[PDB]
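Here the structure is laid out as structure tokens; the discussion comes afterwards.
Residue numbers count from 1 along this sequence. Only heavy atoms go into these numbers, but all of them, side chains included; no hydrogens, no water, no symmetry mates.
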Amino acid sequence: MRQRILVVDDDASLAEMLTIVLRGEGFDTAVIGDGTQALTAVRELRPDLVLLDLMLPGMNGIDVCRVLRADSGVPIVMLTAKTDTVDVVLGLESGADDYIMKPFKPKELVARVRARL
Ligand SMILES: [Mg+2]
């Protein structure tokens, strides 16, 4: 079976782009736009890696990271924008393995994803 990446971002357009690009790189993808549905998604989907937007509707990325981190050791990479008010390092401390600045070169994102797997 191919590796699975769960994308948790409220940016539907960006998520579609990640879907296409990641799928093009040989991965399978699933998308959720809300933090509250992340735990269930992870438990059900069983993703190899989670790409997690730091600022989300419902639960925020740091909060989501904690819950996920509590459930398992699945790798989490934060997606963060320079605009974001919350500090991404806080997310790393909550257990995320890495982070990426938005917007990004898809090529760079895939590489980092491959590196944290
Ligand atoms: Mg956002």
Side-chain angles (χ1 to χ4, degrees):
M1 186 77 275
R2 48 179 45 203
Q3 274 158 333
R4 206 184 279 283
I5 281 74
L6 169 61
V7 176
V8 197
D9 199 314
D10 45 322
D11 199 315
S13 169
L14 180 82
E16 181 61 17
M17 190 187 53
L18 292 174
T19 289
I20 293 155
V21 163
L22 281 170
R23 272 182 201 186
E25 287 299 287
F27 296 103
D28 275 315
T29 64
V31 171
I32 54 157
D34 193 298
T36 56
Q37 45 184 204
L39 179 63
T40 311
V42 169
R43 284 169 172 181
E44 162 81 38
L45 302 182
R46 273 319 163 193
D48 297 295
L49 182 136
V50 176
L51 278 171
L52 183 59
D53 185 46
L54 176 67
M55 329 268 293
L56 274 174
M59 224 181 277
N60 90 52
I62 295 181
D63 284 335
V64 178
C65 204
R66 284 194 275 121
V67 173
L68 294 191
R69 199 30 100 235
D71 179 64
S72 79
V74 65
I76 295 147
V77 180
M78 308 298 307
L79 293 172
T80 171
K82 75 190 90 188
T83 56
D84 293 357
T85 63
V86 176
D87 204 66
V88 81
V89 177
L90 222 156
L92 295 186
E93 292 161 358
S94 291
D97 299 87
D98 208 345
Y99 72 93
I100 316 196
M101 303 302 299
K102 281 160 99 172
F104 50 68
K105 309 305 187 184
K107 187 194 23 162
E108 290 186 354
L109 171 134
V110 175
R112 195 166 289 273
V113 165
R114 294 210 202 259
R116 293 300 176 205
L117 276 164

Interatomic spacing from [atom1] in [X] to [atom2] in [Y] - rounded to 0.5 Å:
{"X": "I32", "Y": "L52", "atom1": "CD1", "atom2": "CG", "result": "8.5 Å"}
{"X": "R2", "Y": "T29", "atom1": "CZ", "atom2": "OG1", "result": "9.5 Å"}
{"X": "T36", "Y": "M59", "atom1": "OG1", "atom2": "CE", "result": "6.0 Å"}
{"X": "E25", "Y": "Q3", "atom1": "CD", "atom2": "CD", "result": "12.0 Å"}
{"X": "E44", "Y": "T40", "atom1": "CD", "atom2": "OG1", "result": "9.0 Å"}
{"X": "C65", "Y": "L54", "atom1": "SG", "atom2": "CG", "result": "9.5 Å"}

Specify the closest pair of heavy atoms between [X] and [Y], including all atoms of both residues, with the distance to one decimal.
{"X": "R69", "Y": "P75", "value": "NH2-CA, 4.2 Å"}
{"X": "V64", "Y": "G35", "value": "CG2-CA, 3.8 Å"}
{"X": "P47", "Y": "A41", "value": "CD-O, 4.4 Å"}

Does a salt bridge link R116 with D97, judged by any charged N lying under 4.0 Å from a carboxylate O? no
With a 4.0 Å cut-off, would you call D28 and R46 a salt bridge? no
Output a table of donor-acceptor pairs, distance under 3.5 Å, between side-chain atoms of residues 81-93 and any protein atom two or more places apart or on a different chain; print 'none' if there are none.
residue, atom, partner, partner atom, Å
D84, OD2, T80, OG1, 3.2
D84, OD2, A81, N, 3.1
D87, OD2, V89, N, 3.4

Remaining members of the apolar cluster that contains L117, side-chain heavy atoms under 4.5 Å: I5, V7, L14, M17, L18, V21, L22, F27, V31, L49, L51, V77, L79, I100, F104, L109, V110, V113
Does atom CZ (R112) have a neighbourhood of more than 12 heavy atoms from anything else shown, all under 6.0 Å? no
